[PDB]
């Protein structure tokens, strides 16, 4: 029959971002990131699979594993793993054991921590011995880069160097990036050194071109006005070159097709056009396609060795299901599957492939795909403990709003649900991330969607209106990234934000007409992008009784000086400029007078924008609470997506108690912070008369 959803099952759901296949397709290897209670943070369980037999063997558990590839010229594998001493390049033999490949004796601190380097924009605090690596096609040469802490005295900084320190919450160290090359004889020389201002050099995972006597990779300099800059290292003369191009290089570009040109999906509406644009600019169309292209949530892209076949990850329109598409000179062909294929890996000749089969109602599984016959065979499950959970009832629905734009998403029915039953509702929204995938933390975050359903809630997971359905939305997006118009700021607020409030309202009213939702008790929750939507809805809508905004702060005037270009499209200028009235009408901090609801903030960054929303809401009589979740120690911080099991479990349980209280008038003694329920009773009695219910 199955068992219900425990909160720990939401915490222990695995994530597979790394999967690789042998050049002969006989064996494969992957890693499942699982939250560990004893360690308090996620660990990656490395497993080896025999694709022919289907049997799997577990090898080890590391802290992190990244850039998992098969070593050319051998049957072995290479990866960047951290055993707890810092991330180094390791080799994994065909028998499933790992040994060091290149070890940096002095890894540098990275992430949000005291005296670390802000590398990946607030990733986990750790040490990086080896940053990035790539094999030559023959496997003889090895290219790798590693971070080197900058040993130097504290120096007087100046004009632009001070303003970059505006938002510093902790101590930082400066570094440089060293690039090395390893000949077949085992001797390594340093190619060049790049500063910290080079953002492609510090990011890693970049492209590198092995051609002729040269090895080529891309770099960024302070100037690029704008341009594309590359450096080529001659393996013979041992010299360097500098390339500057107006248009980016296709050889170093992702998503290239059999013709050799860039792939894109243009147009809007019911479907898109898949075109291949040559470097000279003449397009080649493969016809009409039902999917989008090139999403990091898809299987990525790979091209064969002859260049006549490519495989691209596809997210279809309206089914929000990830899949594969095959492209040769004849044309595009999709391949059907009952579920979505998110993370994949491919052989050398691009014939056999292995993928992670994922679904909204089904847990991740491993599958082998024969790309010639479009035949997939089921391998063993990934997480068996989620396979024993009885599947919740999940319905995929698209809603149309009063402004004509459609919003996709899913509907979670409570356990034991009977037809024609009214239930309270919780709306969880982050970006486009409601799709066919299993309990993706990038969507539901700390909101226990599956647990809310077990307790009788109807959870509505609803995406933002897809900007690709209309040029009105997409033109506002293009103005958002450009930092200028057209269109004007008043329209940017309508299409990017305010129309989502209508899509949320009109989705609840429609389901209320079905008899599935009690409009009296309903709530909205989201983080990041969803935080903006939550904060804009509760200001511009009276429909929602309670709300939870995870780690927000965009659209508030406090964070302007950091994000000017992102704010200028929305508000048309600075808060104290002549655009001040544009800030008063929209920004939620100044509009708190319009807020009647329970607004809870779960905040890891303690930013001045998150604080300004709380003080403005609290000073207006609104019932509100802010929760600052800390790092593993006072020296570190918490990431955007919480990596600490203790902060995840409580935030989940804090949302359970927050919505059970305001929506359902339900109080629990085993709640994570007991003395709060009396504080919320005081927040209820002190509510303003403005918030009185309709007569």
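Residue numbers count along the first chain shown, from 1.
The entry shows an unbroken chain from residue 184 to residue 185, with no unmodelled residues of the deposited sequence in between. Taking only CA atoms, the mean B-factor in the PDB entry is higher for 351-359 than for the other of 351-359 and 605-613. The mean Cα B-factor in the deposited entry runs higher for 415-423 than for the other of 415-423 and 584-592. Remark: of 576, 461, 80, 327, 327 shows the highest value [criterion: C-alpha B-factor in the PDB entry]. Out of 505, 95, 556, 403, the entry records its largest CA B-factor for 95. In this PDB entry, residue 524 carries a Cα temperature factor that places it within the lowest third of its chain's modelled residues.
Residue 489: CA B factor in the middle third of modelled residues in this chain (values from the PDB entry).
Split the chain's modelled residues into thirds by C-alpha temperature factor. Residue 663 is in the middle one. Among all modelled residues in its chain, residue 517 ranks in the middle third by Cα B-factor.
For residue 551, the recorded CA B-factor ranks within the lowest third of the chain. Only modelled residues enter the ranking.
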